[PDB]
């Protein structure tokens, strides 16, 4: 359910590092 970010859109299907920033860009 909450795999996709509940606010910002992550460019890739990784994880939403909303605690640190937006997206971790870890691919």
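Numbering (this note's numbering), first residue to last: -14 to 12. We put the beta carbon where it would ideally sit given N, CA and C, even for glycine.
Separation of residue j from residue i, as counted between CA atoms
i          : j           : result
residue 9  : residue -14 : 19 Å
residue -5 : residue -11 : 8 Å
residue -1 : residue 12  : 7 Å
Nonlocal neighbours in the same chain, by C-beta distance under 6 Å from residue i, ignoring five residues either side
i         : result
residue 2 : 9
Own chain partners of residue i with C-beta closer than 8 Å, once the 5 adjacent residues on each side are dropped
i          : result
residue -7 : 1, 3, 7, 8
residue -3 : 8, 10, 12
Sequence-distant residues of its chain with Cβ nearer than 7 Å to residue i (five each side left out)
i         : result
residue 5 : none
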